[PDB]
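For reference, the structure discussed in these notes is given below.
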Amino acid sequence: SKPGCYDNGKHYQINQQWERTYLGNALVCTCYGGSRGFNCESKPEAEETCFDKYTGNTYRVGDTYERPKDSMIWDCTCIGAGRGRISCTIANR
Amino acid sequence: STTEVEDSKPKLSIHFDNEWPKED
């Protein structure tokens with residue numbers, strides 16, 4: 001046993017951080033060495049975008065679109081705020 | 001006009017834990 005938190009893939013120094021993806025999101029982990037394991041945290045991307053699973057189309061952070069839903073029509077807007085969220089609002093015309 | 005906001009992926013924190021591959 002050698003002092004050095006080893007990740008499920010590569011070994012890094014004590015309290016060292018590294019970029020690793022989980023299922024589909026890139027989270028940077030912070031090893032602790034030992035039974036403390038390592039904690040991952042969502043990393044800040046560069047191509048912030050907003051995807052609409054309602055029409056299967058993609059938009060960029062700071063864009064808007066009009067799509068119907070539930071016998072109605074929602075003017076969903078694409079946001080980001082250093083993250084990447086999708087705000088959906090109603091707008092029956 | 002009725003706001004809703006279903007968000008997307010507000011941050012993400014895991015806690016992967018695994019022992020060392022040794023002691024056979």
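How things are named: the first chain in the structure tokens is A, the next is B, and so on; residues count from 1 in each chain; ligands count from 1 in the order shown.
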What are the residues of chain B that have an atom within 7 Å of an atom of chain A, counting only C-alpha atoms, as a PyMOL selection string? chain B and resi 1-9+11-17
Could you please determine the separation between CA of residue 32 (chain A) and CA of residue 82 (chain A) in Å, to one decimal place? 27.4 Å
Would you give me, as a PyMOL selection string, the residues in chain A that DSSP reads as strand (DSSP E)? chain A and resi 17-22+25-31+38-42+49-52+57-60+63-64+67-69+72-74+77-78+86-87
Just to confirm, what's the straight-line distance from CA of residue 23 (chain A) to CA of residue 4 (chain A) in Å (one decimal)? 25.2 Å
Between A:60, A:66, A:3, A:18, single out the one closest to residue 48 (chain A), counting only C-alpha atoms.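 Smallest distance to residue 48 (chain A) is found for A:60.
You will find CA of residue 23 (chain B) at 22.2 Å from CA of residue 13 (chain A).
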